[PDB]
Chemist: 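After the structure tokens below, expect a handful of questions from me.
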Amino acid sequence: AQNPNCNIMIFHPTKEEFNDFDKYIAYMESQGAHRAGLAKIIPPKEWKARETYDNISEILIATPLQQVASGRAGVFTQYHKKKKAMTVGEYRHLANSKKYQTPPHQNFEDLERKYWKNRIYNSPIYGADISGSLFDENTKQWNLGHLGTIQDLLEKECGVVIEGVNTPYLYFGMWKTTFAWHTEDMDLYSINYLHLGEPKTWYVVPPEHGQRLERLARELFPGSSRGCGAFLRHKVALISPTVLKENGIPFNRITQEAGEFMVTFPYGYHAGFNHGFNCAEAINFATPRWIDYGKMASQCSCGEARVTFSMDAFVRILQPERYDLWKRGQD
Ligand SMILES: O=C(O)CNC(=O)C(=O)O
Ligand SMILES: [Mg+2]
Ligand code: NI
Ligand SMILES: [Zn+2]
């Protein structure tokens with residue numbers, strides 16, 4: 001078995017190997033990459049996402065989210081308070097202000113220590129989940145707006161044509177902005193490209209051990225667990241690496257820098273934080289190996305998780321027994 005310790009693997013495809021996205025994902029899996037739940041892909045030196053980032057300041061963040069924490073430093077939830085709209089230029093200036101800017105630090109480890117010590121005492125503003133793309137239309141390799149759609153994959157694997165679309169999303173971050181522990185909708189893959197700015201640190205639990213994280217989360221968030229049998233779908237709970245180590249949960253960590261892709265694999269729980277002002281683009285995707293994960297994915301039916309239009313068909317076709325309850329949650 002390849003990668004039996006479930007380490008995060010880093011890949012350096014050549015420009016030739018960067019042509020066929022599906023083939024390269026299958027290659028990475030042949031080497032055991034999925035066992036970690038997360039992989040890094042460093043593009044060939046010849047590749048670029050677009051020519052410059054000079055003209056992005058007029059993108060609108062219609063609903064910036066202030067991420068307010070409750071709990072203790074290593075075990076907390078966050079809620080998202082909606083803020084007035086602002087442009088990317090306005091948000092960048094805010095991120096760089098004394099109130100929100102990255103503190104002085106020695107290296108990524110020192111910054112990680114400061115994050116876990118102090119996150120809860122601040123409420124950073126995240127421009128998350130903005131439909132759109134920063135890939136130039138002429139970028140033909142690993143252009144996250146030109147991937148094969150998940151509806152087409154389901155159709156190719158299962159023979160059933162379904163409604164829905166699959167488009168990318170932009171994330172504008174600042175110091176301390178946080179993504180809570182989660183797997184993707186329907187335990188899909190994700191791919192994330194850091195277009196510009198400061199790094200993003202990731203934490204990930206191997207898919208084969210995801211249920212250990214869920215059991216700890218039920219213990220640490222006992223009200224939330226009673227509320228919903230899949231409350232990590234709410235994407236609000238944070239657990240630090242120190243707490244994970246104290247409870248014997250297997251995990252790994254890695255820091256993504258500008259110009260790098262990350263891939264999350266089906267049922268790979270992940271969480272993390274931004275180091276400073278940045279912009280990422282991410283999208284879900286599927287492969288043949290996803291199908292069985294999609295069939296077994298948990299679902300939130302309490303009403304909190306509320307998701308996209310396109311999830312309906314995935315539940316309806318892959319999980320018909322759960323469909324009625326799940327849809328009641330959506331309505
Ligand atoms: O970048 C973020 O805030 C969160 N991204 C992801 O969870 C992802 O790409 O799967
Ligand atoms: Mg602009
Ligand atoms: Ni994710
Ligand atoms: Zn729920």
Side-chain angles (χ1 to χ4, degrees), residues 49-50 53-71 76-81 83-103 111 114-116 118-135 144-145 167-182 184-185 190-203 232-238 255-258 262 270-284 300 303-305 307-309:
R50 66 178 305 105
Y53 290 88
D54 282 338
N55 294 107
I56 66 171
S57 304
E58 320 306 313
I59 294 169
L60 192 69
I61 311 170
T63 310
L65 304 177
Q66 178 170 56
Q67 302 189 292
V68 179
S70 299
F76 61 91
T77 60
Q78 60 186 9
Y79 87 88
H80 291 169
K81 181 176 170 153
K83 307 297 276 187
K84 289 195 161 159
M86 77 180 73
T87 66
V88 165
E90 292 162 341
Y91 178 87
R92 178 176 65 231
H93 192 256
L94 185 69
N96 294 335
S97 70
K98 293 186 181 170
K99 180 171 181 66
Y100 291 109
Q101 71 185 207
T102 317
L111 197 69
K114 288 172 184 295
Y115 172 86
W116 295 103
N118 297 320
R119 160 67 185 95
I120 64 166
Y121 302 111
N122 298 84
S123 299
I125 294 170
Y126 207 174
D129 288 322
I130 297 162
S131 291
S133 186
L134 294 171
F135 284 90
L144 299 190
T167 56
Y169 296 88
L170 301 177
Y171 303 79
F172 288 95
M174 67 170 63
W175 170 234
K176 284 171 175 171
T177 52
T178 302
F179 53 109
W181 281 107
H182 69 284
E184 305 302 306
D185 287 348
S190 67
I191 179 164
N192 182 301
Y193 182 68
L194 191 54
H195 281 281
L196 66 96
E198 302 318 304
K200 187 186 295 286
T201 291
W202 299 69
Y203 306 91
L232 295 176
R233 296 284 169 206
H234 313 166
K235 308 194 301 184
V236 301
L238 278 301
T255 296
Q256 176 190 24
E257 299 188 76
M262 307 297 297
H270 53 284
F273 64 90
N274 296 303
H275 291 206
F277 172 70
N278 65 18
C279 173
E281 181 169 342
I283 197 175
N284 298 116
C300 169
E304 286 301 309
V307 304
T308 181
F309 183 100

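For the single chain, residues carry numbers from 1 onward in sequence order.
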Chemist: Within this structure, what is the OG1-NZ distance for the pair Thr63 and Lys84, rounded to the nearest 0.5 Å?
Modeler: 12.5 Å
Chemist: What do the steps show when you test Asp129 against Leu65 for side-chain contact (heavy atoms from CB on, under 4.5 Å), and what is the final call?
Modeler: CA-CA 10 Å; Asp129 288 322; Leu65 304 177; 5.5 Å; no
Chemist: Would you call the rings of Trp116 and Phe76 parallel, tilted or perpendicular if under 30° counts as parallel and over 60° as perpendicular?
Modeler: tilted
Chemist: Work out which heavy atom in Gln78 is nearest to a heavy atom in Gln67; give both atom names and the distance.
Modeler: NE2-NE2, 3.4 Å
Chemist: Heavy atoms only: give me the nearest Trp181-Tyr203 pair and the separation to one decimal.
Modeler: CH2-CB, 3.6 Å
Chemist: Would you please classify the geometry between the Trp175 ring and the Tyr115 ring as parallel, tilted or perpendicular, with 30° and 60° separating the classes?
Modeler: perpendicular
Chemist: So, applying side chain to side chain donor-acceptor pair (under 3.5 Å) with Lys200, which one of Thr177, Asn278, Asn274, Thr255 is it?
Modeler: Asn274
Chemist: Which atom names give the shortest non-hydrogen contact between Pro64 and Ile125, and what distance separates them?
Modeler: CB-CG2, 3.7 Å
Chemist: Contact between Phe277 and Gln101 at the side-chain level, heavy atoms closer than 4.5 Å - yes or no?
Modeler: no
Chemist: Can you check whether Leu134's main-chain N or O pairs, donor with acceptor, with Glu281's side chain at less than 3.5 Å?
Modeler: yes
Chemist: Does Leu111 reach the side chain of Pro103, with side-chain heavy atoms less than 4.5 Å apart?
Modeler: yes
Chemist: For the CG atom of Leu94 and the OG1 atom of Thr87, what is their distance to the nearest 0.5 Å?
Modeler: 10.5 Å
Chemist: Give me the atom names and distance for the closest heavy-atom approach of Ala85 to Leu60.
Modeler: CB-CD1, 4.2 Å
Chemist: Do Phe179 and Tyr171 pass the ring pair (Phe, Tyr, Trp, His ring centres under 6.0 Å) test, and can you show the C-alpha distance, the side-chain angles, and the key distance before you say yes or no?
Modeler: CA-CA 11 Å; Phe179 53 109; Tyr171 303 79; 8.6 Å; no
Chemist: Where do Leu144 and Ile283 come nearest, in terms of heavy atoms and distance?
Modeler: O-CD1, 3.6 Å
Chemist: Can you give me the closest heavy-atom contact between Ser123 and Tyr100, atom names plus distance?
Modeler: O-CE2, 3.7 Å
Chemist: Please name the residue in the list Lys235, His234, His270 that meets the side chain to side chain donor-acceptor pair (under 3.5 Å) test with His182.
Modeler: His270
Chemist: One pair to check against side chain to side chain donor-acceptor pair (under 3.5 Å): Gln66 and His80. What are the steps and the verdict?
Modeler: CA-CA 5 Å; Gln66 178 170 56; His80 291 169; over 6 Å; no
Chemist: Calculate, to the nearest 0.5 Å, the distance between atoms CZ and CD belonging to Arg233 and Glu184 respectively.
Modeler: 9.0 Å
Chemist: Just how far is it from atom OG1 of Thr102 to atom CE of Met174, taken to the nearest 0.5 Å?
Modeler: 10.0 Å
Chemist: Taking side chain as C-beta onward, heavy atoms only, is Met262 less than 4.5 Å from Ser190?
Modeler: no
Chemist: Step by step, would you call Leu196 with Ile56 a side-chain contact (heavy atoms from CB on, under 4.5 Å)?
Modeler: CA-CA 11 Å; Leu196 66 96; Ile56 66 171; 3.5 Å; yes
Chemist: Does the side chain of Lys176 come within less than 4.5 Å of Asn118's, by heavy atoms?
Modeler: yes
Chemist: Can you say whether the rings of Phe273 and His275 are parallel (under 30°), tilted (30 to 60°) or perpendicular (over 60°)?
Modeler: parallel
